[PDB]
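Participant: Quick one: the structure is below, and I'll ask about it shortly.
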Amino acid sequence: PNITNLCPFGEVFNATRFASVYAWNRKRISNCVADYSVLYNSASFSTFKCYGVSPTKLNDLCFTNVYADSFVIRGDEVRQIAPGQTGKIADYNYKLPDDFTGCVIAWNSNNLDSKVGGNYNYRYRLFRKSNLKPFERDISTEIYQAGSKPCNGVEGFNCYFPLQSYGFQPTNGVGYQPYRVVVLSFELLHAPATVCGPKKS
Amino acid sequence: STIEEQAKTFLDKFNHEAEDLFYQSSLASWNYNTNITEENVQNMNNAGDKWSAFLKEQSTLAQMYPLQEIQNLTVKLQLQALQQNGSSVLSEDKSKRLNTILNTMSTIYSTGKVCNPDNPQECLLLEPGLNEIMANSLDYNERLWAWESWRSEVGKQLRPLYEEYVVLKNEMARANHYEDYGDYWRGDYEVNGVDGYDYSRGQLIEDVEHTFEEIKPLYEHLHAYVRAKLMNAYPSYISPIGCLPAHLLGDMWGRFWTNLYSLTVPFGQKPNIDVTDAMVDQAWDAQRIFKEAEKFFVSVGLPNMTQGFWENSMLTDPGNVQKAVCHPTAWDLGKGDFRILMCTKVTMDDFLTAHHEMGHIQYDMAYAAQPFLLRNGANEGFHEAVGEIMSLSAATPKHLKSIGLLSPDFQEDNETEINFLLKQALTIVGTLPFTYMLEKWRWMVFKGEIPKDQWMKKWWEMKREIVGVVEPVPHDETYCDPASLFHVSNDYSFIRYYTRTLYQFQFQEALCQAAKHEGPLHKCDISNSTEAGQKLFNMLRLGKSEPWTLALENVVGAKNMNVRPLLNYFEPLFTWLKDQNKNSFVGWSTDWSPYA
Ligand SMILES: *[C@@H]1O[C@H](CO)[C@@H](O)[C@H](O)[C@H]1NC(C)=O
Ligand SMILES: *[C@@H]1O[C@H](CO)[C@@H](O)[C@H](O)[C@H]1NC(C)=O
Ligand SMILES: *[C@@H]1O[C@H](CO)[C@@H](O)[C@H](O)[C@H]1NC(C)=O
Ligand SMILES: *[C@@H]1O[C@H](CO)[C@@H](O)[C@H](O)[C@H]1NC(C)=O
Ligand SMILES: *[C@@H]1O[C@H](CO)[C@@H](O)[C@H](O)[C@H]1NC(C)=O
Ligand SMILES: *[C@@H]1O[C@H](CO)[C@@H](O)[C@H](O)[C@H]1NC(C)=O
Ligand SMILES: *[C@@H]1O[C@H](CO)[C@@H](O)[C@H](O)[C@H]1NC(C)=O
């Protein structure tokens with residue numbers, strides 16, 4: 001059968017602006033045809049690490065829904081987007097489950113997300129009382145209490161603001177350059193699976 | 001909850017908001033250095049003021065966490081570094097007076113112009129007007145005139161200023177729980193809290209004297225040989241039994257003896273190892289020089305330079321329209337940005353300098369994983385030593401033959417090794433008594449052992465006793481002869497060169513033993529050895545996280561600075577000098593026998 005209504009991967013990968021890692025965008029992709037070979041055959045991605053499934057059989061399998069989480073992190077923090085990892089991003093910003101099925105795609109964005117004066121529009125949660133659950137979003141802006149003393153609302157001594165900005169310059173090293181990360185999460189639920197791969201003739 | 005967790009969160013907050021500010025300050029400094037314009041000066045000053053104010057505010061917040069309730073060594077080290085008052089403990093009036101004194105000394109040294117009386121229409125500055133005269137002239141009275149005139153003008157201007165400087169610095173140091181300013185400088189080598197690896201501030205002077213006592217026979221033989229050659233060059237001024245005249249050492253102050261290689265060459269008939277013509281014939285660009293240095297560092301196993309290094313560094317002089325500082329400097333700007341600012345020419349010296357500065361870059365890159373306030377060398381000596389070892393290894397004839405710059409049929413006989421070792425001794429061994437005497441004199445001045453009215457009578461007495469250099473004419477207390485040098489006039493520690501020199505050969509013996517070199521130490525090359533690079537990188541990766549004693553254990557297997565690798569390096573030269581000094585008299589007399 002002739003196939004149309006392809007999945008909206010243009011609005012995730014080719015977005016003009018990406019979200020901050022504290023407020024990572026989640027897009028639910030359903031009832032369309034997902035061509036994953038366009039992404040896999042691209043040479044523009046630095047990390048294409050798939051956990052729980054292989055890229056070759058993605059174009060054959062069918063899934064109920066696809067979750068596309070999009071955010072921006074540093075070069076040295078891409079390793080923390082993996083199951084079982086520990087760091088600022090994993091504990092306080094974006095937590096991946098151990099039993100995760102999907103792919104983590106990351107690419108360098110020094111061209112767009114870095115300006116000569118410094119791009120400070122991207123923020124990360126530096127302190128939280130407890131670690132995040134998998135696929136949890138924390139957009140709270142309440143002052144972190146590191147000491148028994150009551151913070152009382154003001155950022156003074158032992159009480160810090162949890163969201164800290166990121167500094168992006170075009171002359172930075174590859175471990176400090178901004179990297180756009182799109183994490184695709186594939187789940188199979190009891191409902192009939194509608195995100196199927198293209199059928200070859 | 002606990003104090004240690006509070007300090008850890010505070011240190012995280014510091015490292016995060018301090019790396020970006022340091023990057024802004026460093027980038028502004030880079031923009032000033034590659035582009036000397038008044039707006040760039042203003043931007044640099046604004047960034048520096050923001051950086052200093054932020055450090056003051058963070059230190060003020062940092063002091064509220066007591067040191068004795070923290071057990072983690074890294075957290076304690078960062079808190080110790082942050083909690084230092086510095087000049088903040090002193091009163092605002094005295095702090096402003098101290099800053100004004102430092103700035104005016106900087107201007108007096110930098111803009112000091114001296115010329116001959118009765119001919120004042122034009123005058124010569126120190127660089128390069130006086131440097132070339134001191135390094136190349138063979139006339140006794142001309143060098144005497146230049147030396148005495150520069151110490152007359154600079155010392156008479158700087159003597160009250162230095163008298164105020166010592167008192168203010170002592171006041172700040174005693175306000176900061178130190179005995180004197182010398183104890184403050186010696187506190188860089190202080191290690192506390194580690195069992196067995198502890199190092200005291202008082203142990204540094206004892207170790208320096210103990211090492212110098214072993215340095216002294218080699219220096220005495222070298223001094224006798226230099227005295228005989230200078231006696232040949234100047235027939236009547238130099239005495240066989242006395243010290244060397246001060247203005248004849250080839251430099252303005254006596255810091256290096258490398259300008260006497262032409263006068264004191266052992267075998268002039270034999271060729272040199274100059275490779276400048278070979279690079280000129282093959283059209284070696286500065287980019288090729290840095291690529292060959294990169295090839296050397298990948299040969300030993302270290303990581304190669306980043307793309308940002310090649311894109312953002314200035315490795316050639318920009319041009320007439322754009323002004324830049326010509327001094328070669330390796331910049332660790334922060335956030336993984338490493339650059340080299342060098343006006344590279346096609347010379348051997350620039351090639352070795354490229355290796356030295358890329359060694360500085362490699363050292364800076366290695367501790368990038370460490371927290372921000374621990375991103376330094378373990379002491380002031382290691383940072384220079386890791387560049388000097390690359391300078392040592394790259395200058396060897398085996399390295400030059402390996403990279404094609406030297407002919408494969410070049411004859412390496414003993415005579416070339418002797419003259420090369422003598423040049424290395426004039427550069428390296430000759431600076432050690434001057435450095436030790438200068439630091440010991442400054443430590444005694446800060447300690448109050450020498451009263452202000454007796455500074456020069458002791459100083460020349462020290463110079464005759466240690467350096468074996470006599471004053472041409474007596475100087476009274478109106479002179480300020482030490483402060484004519486760049487480091488002392490601008491508030492810099494001077495013992496780093498002595499520690500660097502000993503650490504250089506200790507590291508060289510350790511890496512050559514790792515690389516399984518089977519010949520003389522000076523013929524050793526650390527290229528192609530992965531294990532030597534791994535042994536070096538184990539110390540390189542630590543940075544300031546671990547004590548310098550533990551780092552030295554990691555490399556050479558010793559818990560203290562040692563003098564034996566230097567003596568082993570110059571052992572062929574030591575035997576040759578002992579053979580050549582049979583007729584002449586080793587040692588000097590402190591009396592006024594040559595001239596006064
Ligand atoms: C996204 O951008 C790249 C580069 O401009 C382009 O080649 C590609 O076709 C775009 N779309 C997708 C779905 O990757
Ligand atoms: C140096 O400063 C001048 C001043 O106008 C500017 O025109 C030029 O572009 C600058 N060059 C660099 C390399 O920054
Ligand atoms: C000290 O703290 C660092 C992080 O702040 C931690 O990784 C390290 O294990 C600690 N050291 C000790 C001995 O607890
Ligand atoms: C720094 O100075 C302040 C005020 O003079 C003092 O309270 C503090 O103890 C000093 N810091 C140290 C480490 O002594
Ligand atoms: C640096 O080394 C890596 C791996 O050894 C290599 O891929 C890269 O091309 C090198 N960089 C340059 C500029 O040659
Ligand atoms: C160099 O070696 C030759 C050959 O043994 C010897 O005759 C000569 O004395 C040596 N010279 C020096 C300075 O070692
Ligand atoms: C080190 O390795 C390079 C790469 O093959 C080689 O050309 C060079 O000759 C080696 N050095 C020595 C001393 O053999």
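Each chain in the structure tokens gets a letter, A, B, ..., in the order shown, and its residues are numbered from 1; ligands are numbered from 1 in order too.
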Using DSSP secondary structure from the backbone, list all strand (DSSP E) positions within stretch 23-194 of chain A, as a PyMOL selection string.
Facilitator: chain A and resi 25-29+47-51+62-63+65-73+102-108+123-125+144-145+159-160+163-165+179-187
Participant: Could you name the residues that touch residue B:569 at 8 Å or less, counting only C-alpha atoms, but leaving out those on the same chain fewer than 5 positions away, as a ChimeraX atom specification?
Facilitator: /B:505,520-522
Participant: Based on only C-alpha atoms, which of the residues in chain B come within 10 Å of chain A? I want them as a VMD selection string.
Facilitator: chain B and resid 1 to 3 5 to 7 9 to 10 12 to 13 16 to 17 19 to 21 23 to 24 27 61 to 62 64 306 to 309 311 to 312 333 to 338
Participant: Fewer than 6 positions away in the same chain doesn't count, so skip those; otherwise give me all residues within 9 Å of residue B:157, counting only C-alpha atoms, as a list in words.
Facilitator: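 The residues satisfying every condition are residues 108, 479 and 480 of chain B.
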Participant: Name each residue within 8 Å of ligand 6, counting only C-alpha atoms and all ligand atoms, as number ranges by chain.
Facilitator: B: 413-415, 418, 576
Participant: Would you mind exporting the chosen residues as a short mmCIF file (atom, residue, chain, number, x, y, z; two decimals), in the first residue's frame, restricted to C-alpha atoms?
Facilitator:
```
data_model
loop_
_atom_site.label_atom_id
_atom_site.label_comp_id
_atom_site.auth_asym_id
_atom_site.auth_seq_id
_atom_site.Cartn_x
_atom_site.Cartn_y
_atom_site.Cartn_z
CA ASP B 413 81.89 12.77 19.62
CA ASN B 414 82.73 13.64 23.22
CA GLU B 415 83.83 17.23 22.41
CA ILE B 418 81.23 18.67 26.45
CA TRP B 576 86.17 17.32 32.33
#
```
Participant: Neighbouring residues of ligand 7 are defined here as those with any atom at most 10 Å from a ligand atom, counting only C-alpha atoms and all ligand atoms; list them as a PyMOL selection string.
Facilitator: chain B and resi 295-296+298-300+398-404+525-529
Participant: Okay, now the selection with C-alpha atoms, as a compact mmCIF listing (two decimals), in the first residue's frame?
Facilitator:
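Below is the file selection_16.txt, written as the result:
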```txt
# COMPACT_ATOMS: atom_id res chain seq x y z
CA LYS B 295 53.96 14.92 16.95
CA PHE B 296 56.42 14.75 19.85
CA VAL B 298 51.56 12.18 20.58
CA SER B 299 54.72 10.06 20.37
CA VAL B 300 55.00 9.96 24.18
CA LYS B 398 68.66 12.03 18.61
CA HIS B 399 65.40 13.99 18.43
CA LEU B 400 66.83 16.25 15.71
CA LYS B 401 67.97 13.23 13.68
CA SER B 402 64.59 11.52 14.20
CA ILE B 403 62.61 14.48 12.82
CA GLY B 404 65.02 14.99 9.92
CA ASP B 525 64.97 11.27 24.51
CA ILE B 526 61.49 10.48 25.81
CA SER B 527 59.87 10.09 22.38
CA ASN B 528 58.19 6.80 21.36
CA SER B 529 57.78 5.72 25.02
```
Participant: Near stretch 100-102 of chain A, within 6 Å and counting only C-alpha atoms, which residues show up once chain neighbours fewer than 5 positions away are dropped, as a ChimeraX atom specification?
Facilitator: /A:50-52,184-186
Participant: Show me which residues sit within 9 Å of ligand 3 when counting only C-alpha atoms and all ligand atoms, and put them as a compact mmCIF listing (two decimals) with N, CA, C and O atoms, in the first residue's frame.
Facilitator:
```
# COMPACT_ATOMS: atom_id res chain seq x y z
N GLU B 5 28.97 18.73 54.05
CA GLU B 5 28.03 18.78 52.92
C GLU B 5 27.75 20.22 52.51
O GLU B 5 27.63 20.52 51.31
N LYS B 8 30.68 21.41 50.56
CA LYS B 8 30.70 20.80 49.23
C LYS B 8 29.72 21.48 48.28
O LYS B 8 30.06 21.75 47.12
N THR B 9 28.51 21.79 48.77
CA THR B 9 27.55 22.52 47.94
C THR B 9 28.03 23.93 47.63
O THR B 9 27.86 24.42 46.51
N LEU B 11 31.17 24.87 47.45
CA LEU B 11 32.27 24.75 46.50
C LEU B 11 31.76 24.47 45.09
O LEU B 11 32.35 24.94 44.12
N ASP B 12 30.67 23.70 44.97
CA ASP B 12 30.06 23.46 43.66
C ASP B 12 29.52 24.77 43.08
O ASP B 12 29.75 25.09 41.90
N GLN B 71 36.92 16.79 56.85
CA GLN B 71 37.91 15.73 56.78
C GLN B 71 38.33 15.38 55.37
O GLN B 71 39.39 14.76 55.19
N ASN B 72 37.53 15.73 54.36
CA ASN B 72 37.88 15.41 52.99
C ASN B 72 39.00 16.34 52.55
O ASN B 72 38.91 17.55 52.73
N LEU B 73 40.06 15.75 52.00
CA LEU B 73 41.27 16.50 51.67
C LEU B 73 41.04 17.52 50.56
O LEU B 73 41.58 18.63 50.63
N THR B 74 40.27 17.16 49.53
CA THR B 74 40.06 18.07 48.41
C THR B 74 39.22 19.27 48.83
O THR B 74 39.53 20.41 48.46
N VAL B 75 38.18 19.02 49.63
CA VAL B 75 37.31 20.09 50.11
C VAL B 75 38.09 21.02 51.03
O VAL B 75 37.95 22.25 50.95
N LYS B 76 38.94 20.44 51.88
CA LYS B 76 39.76 21.23 52.78
C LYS B 76 40.77 22.07 52.01
O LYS B 76 41.05 23.21 52.38
N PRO B 371 38.46 20.13 40.07
CA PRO B 371 37.69 21.33 40.38
C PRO B 371 38.48 22.60 40.11
O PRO B 371 39.71 22.59 40.08
```
Participant: DSSP on the backbone, alpha helix (DSSP H) only: what residues of stretch 377-516 of chain B does that give? Format it as number ranges by chain.
Facilitator: B: 380-394, 397-402, 414-428, 431-447, 455-462, 486-489, 496-514
Participant: Could you check how far atom CA of residue B:474 sits from atom CA of residue B:181, in Å to one decimal?
Facilitator: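 Separation of atom CA of residue B:474 and atom CA of residue B:181: 29.0 Å.
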Participant: Kindly compile the residues surrounding ligand 4 within 7 Å, counting only C-alpha atoms and all ligand atoms, and format them as a list in words.
Facilitator: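 Using only C-alpha atoms and all ligand atoms, everything at most 7 Å from ligand 4 comes to residues 63, 83, 84, 85, 89, 176 and 177 of chain B.
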Participant: Could you list the protein, DNA and RNA residues that have any atom within 10 Å of ligand 1, counting only C-alpha atoms and all ligand atoms, and write them as a PyMOL selection string?
Facilitator: chain A and resi 7-15+35-36+38-45
